[PDB]
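Trainee: Residue numbers (the authors' numbering), protein chains in the order written: chain B, 221 to 558; chain A, 211 to 558; chain D, 220 to 558; chain C, 220 to 558; chain E, 1 to 95; chain F, 1 to 95.
Think of the CB as a built atom: it goes at the ideal place given N, C-alpha and C, for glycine as much as any other residue.
To start, I am sharing the structure in question, which I have written as structure tokens.
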Amino acid sequence: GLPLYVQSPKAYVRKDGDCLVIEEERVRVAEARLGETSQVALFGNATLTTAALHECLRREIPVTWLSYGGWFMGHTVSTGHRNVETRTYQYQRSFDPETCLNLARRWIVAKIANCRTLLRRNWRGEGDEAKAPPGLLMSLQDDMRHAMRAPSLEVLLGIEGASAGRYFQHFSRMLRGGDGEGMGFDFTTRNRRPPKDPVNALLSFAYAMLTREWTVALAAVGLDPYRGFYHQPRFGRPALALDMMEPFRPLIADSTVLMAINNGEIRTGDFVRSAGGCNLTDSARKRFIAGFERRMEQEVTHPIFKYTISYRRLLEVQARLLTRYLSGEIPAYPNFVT
Amino acid sequence: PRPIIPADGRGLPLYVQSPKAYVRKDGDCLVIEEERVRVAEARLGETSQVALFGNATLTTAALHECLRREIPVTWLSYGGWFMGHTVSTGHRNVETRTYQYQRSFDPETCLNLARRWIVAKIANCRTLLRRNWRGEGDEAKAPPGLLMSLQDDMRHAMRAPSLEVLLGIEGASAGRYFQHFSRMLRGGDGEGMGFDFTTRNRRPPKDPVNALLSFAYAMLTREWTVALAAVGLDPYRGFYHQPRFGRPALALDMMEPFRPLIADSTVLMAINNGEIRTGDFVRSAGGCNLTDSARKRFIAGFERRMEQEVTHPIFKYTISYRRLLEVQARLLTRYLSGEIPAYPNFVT
Amino acid sequence: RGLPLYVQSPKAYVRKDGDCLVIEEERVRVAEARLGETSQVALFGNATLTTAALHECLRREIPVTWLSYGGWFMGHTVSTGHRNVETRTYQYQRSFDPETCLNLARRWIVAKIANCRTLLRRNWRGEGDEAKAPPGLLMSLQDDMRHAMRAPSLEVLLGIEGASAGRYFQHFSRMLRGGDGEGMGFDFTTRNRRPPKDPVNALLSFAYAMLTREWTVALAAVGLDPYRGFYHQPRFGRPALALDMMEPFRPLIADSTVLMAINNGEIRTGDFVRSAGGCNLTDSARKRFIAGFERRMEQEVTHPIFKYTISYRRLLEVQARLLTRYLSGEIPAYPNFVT
Amino acid sequence: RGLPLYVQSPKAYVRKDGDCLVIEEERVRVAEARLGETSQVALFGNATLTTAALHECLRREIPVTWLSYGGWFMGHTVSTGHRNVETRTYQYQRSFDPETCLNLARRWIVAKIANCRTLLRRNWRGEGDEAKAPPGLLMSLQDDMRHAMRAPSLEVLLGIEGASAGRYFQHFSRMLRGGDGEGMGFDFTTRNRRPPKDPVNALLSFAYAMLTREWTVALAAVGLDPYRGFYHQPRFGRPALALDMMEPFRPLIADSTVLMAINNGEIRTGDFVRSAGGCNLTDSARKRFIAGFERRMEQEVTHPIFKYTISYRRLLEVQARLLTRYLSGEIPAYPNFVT
Amino acid sequence: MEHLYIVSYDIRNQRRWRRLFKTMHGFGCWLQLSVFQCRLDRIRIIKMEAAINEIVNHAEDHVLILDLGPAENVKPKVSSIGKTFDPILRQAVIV
Amino acid sequence: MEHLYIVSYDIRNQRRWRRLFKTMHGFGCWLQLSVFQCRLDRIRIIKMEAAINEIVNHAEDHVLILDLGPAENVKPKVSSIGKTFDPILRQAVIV
DNA sequence: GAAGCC
DNA sequence: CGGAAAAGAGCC
DNA sequence: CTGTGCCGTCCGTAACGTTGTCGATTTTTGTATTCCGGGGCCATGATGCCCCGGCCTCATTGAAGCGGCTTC
DNA sequence: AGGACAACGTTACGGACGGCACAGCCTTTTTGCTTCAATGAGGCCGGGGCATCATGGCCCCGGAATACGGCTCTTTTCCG
């Protein structure tokens, strides 16, 4: 069902009948319809009666606990036998190298198609045409031609490395349609360990936020986000965020560092090259996270079926579809290239 | 091999058995307020868990502070029938529970553990007999014709062909043992201490002590589940106890050895200390139930049992049952890695 | 130098000018006591005597002492020198040569008996039948006198004084308000017991005990050790010099104080609550007994050698000076003060 | 027990505040001592003290004395009785036998001339052929040590000890501050002169007098008197027996305070006004000096015979106790405490 | 390794008082009209003088910790002329 | 045999206050706005709870003694976030 | 000469 | 000098 | 001129009745692998200085024994 | 608790000072001489502990330090 979100950190959730009706001040405001529902996203200080909750726990409906902004606090796992089926399947297919590689290939072809989805639009560095060099476009198409058959999780790594360097050496070509003063991406790191650049102060921050929702809309279902098929975990790597965020690694935390400077909000007059690439103004941080929520609430459609929703509802139904693919109903994983 | 770190532990659990409580964060203490009248308050340094024994309201400010300190709230139905639990996007290690899931899918591991997992419960059921068998005349010690048959059941279990035959043996030595249980209390059941062990396993208890058993068991369950989320294991992938809603499929499997040491050694102080007089009870409405007059006493008994210092056989060093639960979880992990081939079991 | 003086005022001021001392009182001038004819001085209450004044005083070793708000003596301060050590060593050497000790003791018991029958004659309150003491009574007391003057040894004086005291106590119930008053009883043998028994016994014992304190302060102001005398020989902290200097002044002051306390008809045995042993004076009764003791002092009786018809503390330090000078100075002997 | 109360500021006004003594210096308090923690009380001459606090101090029987401006000690209270006349008689009768007086004197010399040169050779500061004990001065001063065995009689005693101390006296300004300080010189002919001539003889005079009091208090504690002196004949200026039993401790403490005063540098010549007595000590050093004496007398040293470690004030009290035991007679020889 | 530590605080400003009150009350129980008590180990006393030592000014505010014995022998070394002295008990708050 | 004992008194009535203030001030020095300190042995602490324990009511008055260490190792087991902590010194009051 | 007094 | 791999870039 | 006795008369102690309401962290993460390093602790002498006590000395009051002469 | 908390908003109680303003006081009776009862007073140590103070040999976390495998596109002396 649709995952309810206790939105206003003023509300009051309760169970009247078979619907978790929420309440503003002594006023009914929404009907939950327990028959078709999922997690209730609890925001800053919006409360629920300890009678609805002792129903959610009964019907294996995870109850989330987010701070006022959306910052994640721990979950409320129902001790049933529905979620641990999902964790069982995740850790069972986890070490099955065949399906592991199959997932990996689907993920990387999705990411490549999504990154190559920045043709004609975004990259506006026109001069003569923003339309990306058909050499580059067809090189990405050939890279997908490769990736739809890559017989290891180390051939895939080299393929992804090549076809990320190539198009991280084309960034500025889609930054301002050129160089906005200060915003010209040094064709360099995506800022792995320390920041080294302005865009390398935005393309690791924005990614750092993308990790959050791909960890939480994964722990929004019985999926252990720390066991990933693609990335072999190293004691603290949300390896099922990283096996999972790939087709949204360009889709979200790139189209939000872009429009934060494509629309010209962010200028070198908002960050300081302080012992690293940059560190934003707290106001710059706030407007950036704002634009992040613009994208996160930017709309999309058709997860597997015609259904037009914000990026969070898709960003969770993706995990649901994953579980359904894991020995469940769906026999082949839907992958969602736009 | 040879675990060197137990967890010292700063706090100790808070329980809320009152079904008309209300819990507000106040500064750093955790005040509970009752019909706008306070009762108690826990210093959040001194809180190690939280349990809500029934419909006792909570305020989300407390959840946010508690997870902001990561102290596991554990929602619980009236009979301590473990229902809910809070988890913060998984323990931040993967190697431990991947070892868990991996070995679980191995069927041999389950059997090897179900055996040492069921032999370690019988071989302390019988010593509890040979410790709490209240003989009066021609009875001062339990009959060796029984203390053999429990041993006879032990040799039936160390040779289990499967993982359902072993459960059958568990049930076979949970009927004989409970037939002989009624001898344990007040020199024989006194004022309506009717251990109708036929009603064993019945969902709402029919009898007084069964309504105390199915509570001491059903809160040892929670205690193991908390101690099995500290080493970072996943207390839901059960080697032979399949997941049952309300039953952490492995917390029901690493308690089986401590079902007699910690549960049937607190029932046999609650009853053997006048903490259950059949007039202490909600005599009906659940088959039978318990009255909060004795509930706040039995929880105290259980907790003080959980704070008893005993030696651990491998190093003879003395530790509370809680810290011992976590040391034993540690041994489960470092056998799960195959580090230690066998599994030191803590029989007594 | 001259006879000492004492001061009282609770917020007074004692200061020195050149060669005299003026006891100012809240910046009010008084007579200038000339240092050439003054001696030890007491301080009552929270007075003010400057330190420099007592430095200049102790230069000449003129003494000084500290009292209560009234006259309850507690403390003293003394300088070193050669006269002070001379007096102490003279007392202790006269605490070793016994012939002088007996020269004083014989006359001491003799003067006690003399003042005793003098007190019998004076305080005879047997009106109605005997306006006089029996001539046999005074005759036998003078016989006790001539018995006591027979002392070439350190001896019988004890027993003869005991007999004299016994007879005086036999007639001391006649010294009551007119007869053997019921509730005013007196037993000659049981006097001076460790507890009192009669109110009369309590007054006599308390009077002797309080008189011993003025005796010991008179000893202390001069440089004579109060702890060394032989009428009650020095053993474990006695006022032994005072104990050897108290008997003839029992009839003069202490017995006289008891007489004027009980004859004058002011204090009533309602204040004399019954104790286990004896009717000890209550707060009011004790205070009135102290007042009678004081009133025993101020009246003027002089000795012919020093014509000081002033009071009895002017007569209570004169014998201290007399003893000091008999030890050291030019006085030929120690007179008896037999009135 | 308690701790000493020294009052040196010339304008101190000590007034009781319950069991806390709050002094005043022109309408402002300076310091407070807990009356229970008060051991004794010494006043310099000009500093006054309210009479309420005084006759409460003797009510708490904490002893009182007055220094002069420079500590002549004409003022010292008497507690009106120690209640041990037996020890009094002991020490009087024993002073009346000159054998004990002279032999105690000679053991005082041995007590101050049998380990005194060893206390100056263990901390001597020279510059050349003087660092260690002078070879020509070790045997030269050893002649008096062998001549201090059989003391003839009072007259010769009074001389050589001083003259032999003269040999010590000359050598006083040979360790302090590595030769004469920044205006410090011990003219060994200026010792024992009523006007404080040298800047250092002022310090030594103050030390000697206040240690004289520090011995008088020990005498009072066991009932001894500083009045009767063996070879220190009673002089109006100084307590006699106090000198008689401080003389061995003049070097070890009274000289030690001046020695540590000059050598540790807290004594600076820029602390005097002179030409009155030849030199006179002002504040900022006298306050430092007397407290300097204070630190020395509180640290603890073993008793040679009783083998337990005791404080110097308690050591002096035990020395007086040992005098009393000598009066008993278990010790033919006085324990003279040679280091 | 745990002792009983009594905090004897006396500040000067309510804007700092209320904070200190609630904070150090979060450590231990109210004891006396200005003084609380706590039963703590090394790490938590460190976090005490971490949480305390900046809520207060260091000139106009006086606070004073008191490290007593290991909190089980605290009874001998403290007595209460008024009410009783009760060390806080490490007990499961079953309420 | 001497320790340092801190008296943490907080009583209600000035007619008892002034007396307690002056009295127990006669034992040791002012320390904090309601709390004093003293350095005492067995006999004098006995005489403390002799002089104290009747100046106060035993219902509306709370007082609390604190037997610390032997007063020379008091410095380790107490710290003062505000001013300094100073055990009272047994010293001759040369003033 | 004996025992109470003192 | 047209090749051609080897280096080093990029990125994983 | 030292309690002490209320008369004041401020602080700076805690209770409780008001509207705040705030705040979320942070800018990777590609396989492995062996240090690097302090969190940290049962375990183990080790020494400390908290008194367990206890027979060594002092003392200070009266149990206890008793001076002589007159009268019964 | 419908945001259920935190900060703040003014007035119960205390605590100490200091401001003046009165008083203003106090104390048992035992003296005949040993010896001691003996209960109060500390003072050296026997070995009865003992809170940290070192390891310290482990347990590891939990990042970081290289240290490489990988894929395509480009780029210093060199082989043929």
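Take every Cβ of the segment 476–484 of chain A, pair it with every Cβ of the segment 409–427 of chain A, and state whether three or more of those distances are shorter than 8 Å.
Mentor: Judged by Cβ distances under 8 Å, the segment 476–484 of chain A makes contact with the segment 409–427 of chain A, as three or more pairs qualify.
Trainee: Starting from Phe27 of chain E, find everything on chain A with Cβ-Cβ shorter than 8 Å and list it in chain order.
Mentor: Position 27 of the fifth sequence, counted from the first residue, corresponds to residue 27 of chain E. Those are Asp238, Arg253, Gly255, listed as they occur along chain A.
Trainee: Find the residues of chain C that neighbour residue 184 of chain D, judging by a C-beta separation of less than 8 Å, and give them in chain order.
Mentor: Residue coverage of chain D in this structure runs from 220 to 558, which leaves residue 184 of chain D outside it and unanswerable.
Trainee: For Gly400 of chain B, which residues does DSSP report across the bridge?
Mentor: By 1-based counting over the first sequence, the position of residue 400 of chain B is 180. According to DSSP, which records beta bridges pairwise, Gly400 of chain B is partnered with B:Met403.
Trainee: Would you check if the distance between the CB atom of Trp434 of chain B and the CB atom of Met465 of chain B is smaller than 7 Å?
Mentor: Start at 1 with the first residue of the first sequence, and residue 434 of chain B comes out as number 214. Start at 1 with the first residue of the first sequence, and residue 465 of chain B comes out as number 245. Cβ distance < 7 Å, so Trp434 of chain B and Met465 of chain B count as in contact.
Trainee: Can the beta-carbon of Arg344 of chain C be found less than 7 Å from the beta-carbon of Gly264 of chain C?
Mentor: Indexing the fourth sequence from 1 puts residue 344 of chain C at position 125. Indexing the fourth sequence from 1 puts residue 264 of chain C at position 45. No, these two residues do not count as a Cβ contact at 7 Å.
Trainee: When DSSP labels each residue in this structure, what does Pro354 of chain D get in the three-state scheme?
Mentor: Here residue 354 of chain D is taken as the residue at index 135 of the third sequence, counted from 1. Correct three-state label for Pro354 of chain D: helix.
Trainee: For residue 210 of chain B, list the residues DSSP reports as bridge partners.
Mentor: Within the shown structure, residues of chain B are numbered from 221 to 558, placing residue 210 of chain B beyond reach of any answer.
Trainee: Around the C-beta of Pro551 of chain B, are 16 or more other C-beta atoms found within 10 angstroms, so that it is buried, or is it exposed?
Mentor: The sequence position of residue 551 of chain B within the first sequence is 331, counting from 1. Classification of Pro551 of chain B: exposed, given that the 10 Å Cβ count is below 16.
Trainee: How long is the line joining the alpha carbons of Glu305 of chain C and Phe508 of chain D, rounded to whole angstroms?
Mentor: Counting from one through the fourth sequence, the residue named residue 305 of chain C turns up at place 86. Counting from one through the third sequence, the residue named residue 508 of chain D turns up at place 289. Cα to Cα, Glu305 of chain C sits roughly 35 Å from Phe508 of chain D.
Trainee: DSSP beta-bridge partners for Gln452 of chain D?
Mentor: The residue given as residue 452 of chain D occupies position 233 in the third sequence. DSSP lists no partner for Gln452 of chain D.
Trainee: Please go through the same chain and pick out, in chain order, the residues whose beta-carbon is closer than 6 Å to the beta-carbon of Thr521 of chain A, but skip the five residues on each side of it.
Mentor: Within the second sequence, the letter at position 311 stands for residue 521 of chain A. The answer, listed in chain order, is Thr528.
Trainee: Whole angstroms are fine: how far does the CA of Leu356 of chain D sit from the CA of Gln538 of chain D?
Mentor: Residue numbering aside, residue 538 of chain D sits at position 319 when the third sequence is read from its first letter. Residue numbering aside, residue 356 of chain D sits at position 137 when the third sequence is read from its first letter. Approximately 29 Å, taken between the alpha carbons.
Trainee: What are the residues that DSSP puts in a beta bridge with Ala231 of chain D?
Mentor: Working through the third sequence from its first residue, we reach residue 231 of chain D at position 12. According to DSSP, which records beta bridges pairwise, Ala231 of chain D is partnered with D:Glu244.
Trainee: Determine the extent of the alpha helix (DSSP H) in which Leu273 of chain A is found, giving its start and end residues.
Mentor: On the second sequence, position 63 is the one that residue 273 of chain A refers to. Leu273 of chain A -> alpha helix (DSSP H) spans 270–277.
Trainee: Are the beta-carbon atoms belonging to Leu222 of chain D and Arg533 of chain D less than 7 Å from one another?
Mentor: Reading the third sequence from its first residue, position 3 is the one you call residue 222 of chain D. Reading the third sequence from its first residue, position 314 is the one you call residue 533 of chain D. Their beta carbons are under 7 Å apart, which means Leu222 of chain D touches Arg533 of chain D by this criterion.
Trainee: Quick test of your reading: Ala330 of chain A and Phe556 of chain A, contact by CB under 8 Å. State the CB separation rounded to the nearest angstrom.
Mentor: Counting from 1 along the second sequence, the entry for residue 330 of chain A is found at position 120. Counting from 1 along the second sequence, the entry for residue 556 of chain A is found at position 346. So it is a contact: roughly 7 Å between Cβ atoms.
Trainee: Counting only beta-carbon separations shorter than 7 Å, does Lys22 of chain F have a partner in chain C?
Mentor: Counting from 1 along the sixth sequence, the entry for residue 22 of chain F is found at position 22. It does; some Cβ of chain C falls within 7 Å.
Trainee: I'd like the span of the beta strand (DSSP E) that includes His3 of chain F, first residue to last.
Mentor: What you label residue 3 of chain F is simply residue 3 of the sixth sequence in a count that begins at 1. Residues 3–8.
Trainee: Mind listing the chain A neighbours of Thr488 of chain B? Cutoff is C-beta to C-beta under 9 Å, in chain order.
Mentor: Stepping through the first sequence from its first residue, residue 488 of chain B is reached at position 268. Residues of chain A passing the Cβ test: none, with the nearest at roughly 35 Å.
Trainee: Use the C-beta contact count for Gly255 of chain A: other C-beta atoms within 10 angstroms, 16 or more gives buried, fewer gives exposed.
Mentor: The residue labelled residue 255 of chain A in the question sits at position 45 within the second sequence. By the neighbour-count rule (16 or more Cβ atoms within 10 Å), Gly255 of chain A is buried.
Trainee: For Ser287 of chain C, tell me which candidate among D:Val283, D:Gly294, D:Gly300, D:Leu273 has the shortest Cα-Cα distance.
Mentor: As a first step, residue 287 of chain C is located in the fourth sequence; it is residue number 68 there, counting from the start. Answer by Cα proximity: D:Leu273.
Trainee: Looking at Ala261 of chain A: is its Cβ nearer than 7 Å to the Cβ of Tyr225 of chain A?
Mentor: The count along the second sequence starts at 1 and reaches residue 261 of chain A at position 51. The count along the second sequence starts at 1 and reaches residue 225 of chain A at position 15. Closer than 7 Å, so yes.
Trainee: Under 7 Å Cβ to Cβ from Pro453 of chain A, same chain only, skipping five residues before and after it: list those, please.
Mentor: Position 243 of the second sequence, counted from the first residue, corresponds to residue 453 of chain A. Excluding sequence neighbours, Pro453 of chain A sits near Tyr446, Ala459.
Trainee: Looking at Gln310 of chain C: is its Cβ nearer than 7 Å to the Cβ of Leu443 of chain C?
Mentor: Here the question's residue 310 of chain C lines up with position 91 in the fourth sequence. Here the question's residue 443 of chain C lines up with position 224 in the fourth sequence. In contact: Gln310 of chain C and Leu443 of chain C (Cβ atoms closer than 7 Å).
Trainee: Taking the alpha carbon of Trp327 of chain A as the reference point, which residue from A:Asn499, A:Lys506, A:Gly448 has its own alpha carbon closest?
Mentor: Locating residue 327 of chain A in the second sequence gives position 117, counting from the first residue. Nearest option by C-alpha distance: A:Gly448.
Trainee: In three-state terms, what does DSSP make of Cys239 of chain A?
Mentor: Locating residue 239 of chain A in the second sequence gives position 29, where the first residue counts as 1. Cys239 of chain A falls in the strand class under three-state DSSP.
Trainee: In chain order, which beta strand (DSSP E) runs of at least 3 residues are fully inside the segment 474–536 of chain C?
Mentor: If we require 3 residues or more, the beta strand (DSSP E) runs fully inside the segment 474–536 of chain C come out as 519–521, 528–530.
Trainee: Which residues in chain C sit within 7 Å of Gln14 of chain F, going by Cβ to Cβ distance?
Mentor: Translated into the one-based positions of the sixth sequence, residue 14 of chain F becomes position 14. Going along chain C, no residue has its Cβ under 7 Å from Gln14 of chain F, so there is no contact; the nearest lies around 16 Å.
Trainee: Rounded to the nearest angstrom, what separates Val241 of chain B and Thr270 of chain B at their Cα positions?
Mentor: Counting from 1 along the first sequence, the entry for residue 241 of chain B is found at position 21. Counting from 1 along the first sequence, the entry for residue 270 of chain B is found at position 50. Spanning the two alpha carbons is a distance of roughly 13 Å.
Trainee: Between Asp502 of chain C and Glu519 of chain C, what straight-line distance do the alpha-carbon atoms span, to the nearest angstrom?
Mentor: As a position in the fourth sequence, residue 502 of chain C is number 283, starting the count at 1. As a position in the fourth sequence, residue 519 of chain C is number 300, starting the count at 1. Looking at the two C-alpha atoms, the distance is approximately 29 Å.
Trainee: I believe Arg19 of chain E touches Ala71 of chain E by the beta-carbon criterion, under 8 Å. Please report the beta-carbon distance rounded to the nearest angstrom.
Mentor: Mapped onto the fifth sequence, residue 19 of chain E falls at position 19. Mapped onto the fifth sequence, residue 71 of chain E falls at position 71. Contact doesn't hold; Cβ gap of about 26 Å is too wide.
Trainee: Less than 7 Å between the beta carbons of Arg410 of chain B and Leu423 of chain B, yes or no?
Mentor: Here residue 410 of chain B refers to the residue found at position 190 of the first sequence. Here residue 423 of chain B refers to the residue found at position 203 of the first sequence. Yes, these two residues count as a Cβ contact at 7 Å.
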